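Notes to accompany the following structure.
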Amino acid sequence: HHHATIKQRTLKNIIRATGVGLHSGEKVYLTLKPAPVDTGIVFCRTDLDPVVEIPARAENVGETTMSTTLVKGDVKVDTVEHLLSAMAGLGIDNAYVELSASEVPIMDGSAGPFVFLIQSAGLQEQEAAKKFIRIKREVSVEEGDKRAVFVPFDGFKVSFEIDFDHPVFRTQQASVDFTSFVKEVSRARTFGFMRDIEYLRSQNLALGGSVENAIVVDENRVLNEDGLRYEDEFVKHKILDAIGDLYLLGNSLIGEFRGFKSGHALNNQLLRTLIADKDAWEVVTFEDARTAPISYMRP
Ligand SMILES: CC(C)([C@H](NC(=O)c1ccc(C#CC#CCCO)cc1)C(=O)NO)S(C)(=O)=O
Ligand SMILES: [Mg+2]
């Protein structure tokens, strides 16, 4: 009976998965491996000689059209946000993500398969304190009517509001206080509208997309035969995307995020503004899990 530091976590065992890239349609082999303390999440292109390694950090984000992409020179890793959301939701600090192709596999469009594979392998607590980024001041970015904000909050909470001119919503808004990740949002799938598909595919985007890995919406209806997993699956997926984009900070957050029609580009603009404003955040640890504002599942 004593105080217990909240510790960094990595994988207990290797995870292997095969899939297809949502936007490239390429077949890709994925391997998640444990990593030492303070490594962070690092993506490794193992189809290249030499292997190119890209830390999953805000400073390495290149394009943010359709998905969050990591770049180093001529080498990219596309669509990292759903896997990163699973890592953040489960509290994984350190891991190598090996990919045989430029895009993370889409799986079923959600973080569900990733959390299942990770939790089946199990997590391993490590002998070093977990570092948190605590929001100390309000930080806001806007572009037009889009908005993304960090607010101080003793915990971790994400709110999101979207406005789509579309019958399938019959405004969607949701707030989640991390209730917890596996239950609340992990299973929420990405979505696409048929009105955009021919244009997107002409741009070598959405080439792997299908009803097997996305909610496909036409003029009026969801086309997936078995429908939605949640009444508010769309905005729940926006929250999933935000959690993964925010994990590009490299540490879990103590604070609140509020998104208003935000997406990957504005999310990354928010992280860059936050990092530059060192008055607005500090790195903290917790030597006694009992007085911390966050708690994590058993490993
Ligand atoms: C929701 C987004 C934030 C983004 N999703 C996409 O990009 C996406 C997803 C699915 C399809 C499809 C299909 C099909 C079909 C049927 C056969 O042609 C196309 C695009 C995302 O989840 N990023 O993390 S989006 C678009 O609002 O930016
Ligand atoms: Mg998404």
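Just the heavy atoms: all of them, side chains too, but no hydrogens, waters or symmetry mates, feed the values below. Order of listing sets the numbers, starting from 1, for every ligand and every atom in it. Counting from 1, the numbers follow the sequence of the chain as shown.
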Region of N213 engaging ligand 1 - heavy atom pairs below 4.0 Å = neither
In terms of heavy-atom contacts, does NZ of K261 have more than 12 from other residues, nucleotides or ligands at under 6.0 Å?
-> yes
For the pair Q8 (side chain) and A129 (backbone), establish whether a donor and an acceptor sit closer than 3.5 Å, ignoring hydrogens and angles.
-> yes
Considering only heavy atoms, which of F234, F191, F193, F164 lies nearest to atom 10 (C) of ligand 1?
-> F191
Over 12 foreign heavy atoms within 6.0 Å of NZ, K131 = no
Atoms of ligand 1 less than 4.0 Å from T190 heavy atoms?
-> 1 (C), 4 (C), 5 (N), 6 (C), 9 (C), 21 (C), 22 (O)
Which option, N224, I197, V216, owns the non-hydrogen atom nearest atom 12 (C) of ligand 1?
-> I197
Distance from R229 atom CZ to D108 atom CG, nearest 0.5 Å?
-> 4.5 Å
Is the count of non-hydrogen atoms from other residues, nucleotides or ligands lying under 6.0 Å from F260 atom CZ greater than 12?
-> yes
Which one holds for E81 and ligand 1: side chain close, backbone close, both close, or neither close, with close meaning a heavy atom under 4.0 Å?
-> side chain
Which of the atoms in ligand 1, numbered in the order shown and given with their element, are less than 4.0 Å from a heavy-atom of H23?
-> 7 (O)
CG/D226: more than 12 non-hydrogen atoms of other groups inside 6.0 Å | no
Can an N or O of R201 be found at a distance shorter than 3.5 Å from an N or O of ligand 1?
-> no
Would you mind running through ligand 1 and noting each atom that sits below 4.0 Å from a heavy atom of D241?
-> 3 (C), 21 (C), 22 (O), 23 (N), 24 (O)
Decide if atom CD of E59 counts as having more than 12 heavy atoms of other residues, nucleotides or ligands within a radius under 6.0 Å.
-> yes
State whether the side chain of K7 and the backbone N or O of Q124 hold a donor-acceptor pair below 3.5 Å, judged by distance alone.
-> no
Under 2.8 Å from the Mg ion (ligand 2), which protein N/O/S atoms are there?
-> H82 NE2, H237 NE2, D241 OD1, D241 OD2
Would you please name every residue forming a ring pair (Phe, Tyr, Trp, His ring centres under 6.0 Å) with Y96, sequence neighbours left out?
-> none
Contacting atoms of ligand 1, where contact means under 4.0 angstrom from a heavy atom of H237 = 22 (O)
Taken in chain and number order and not counting sequence neighbours, the residues that satisfy ring pair (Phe, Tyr, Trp, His ring centres under 6.0 Å) with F164 are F169, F193
Got a sec, which residues hit ring pair (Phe, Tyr, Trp, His ring centres under 6.0 Å) with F114, two or more places apart in sequence or on another chain?
-> none
Quick check: does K238 get an N/O under 3.5 Å from an N/O on ligand 1?
-> no
Check: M66 N/O within less than 3.5 Å of ligand 1 N/O = yes
Give the contacting part of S67 toward ligand 1: side chain, backbone, both or neither, where contact means a heavy-atom distance below 4.0 Å.
-> neither
Note: ligand 1 atoms sitting under 4.0 Å from heavy atoms of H264 are 23 (N), 24 (O)
Find all atoms of ligand 1 within a distance of less than 4.0 Å from any non-hydrogen atom belonging to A206, and give their numbers and elements.
-> 19 (C)
Sidechain-backbone polar pair: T10 side chain, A35 backbone, donor-acceptor under 3.5 Å = yes
Within 6.0 Å of CD in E138, more than 12 heavy atoms from elsewhere | yes
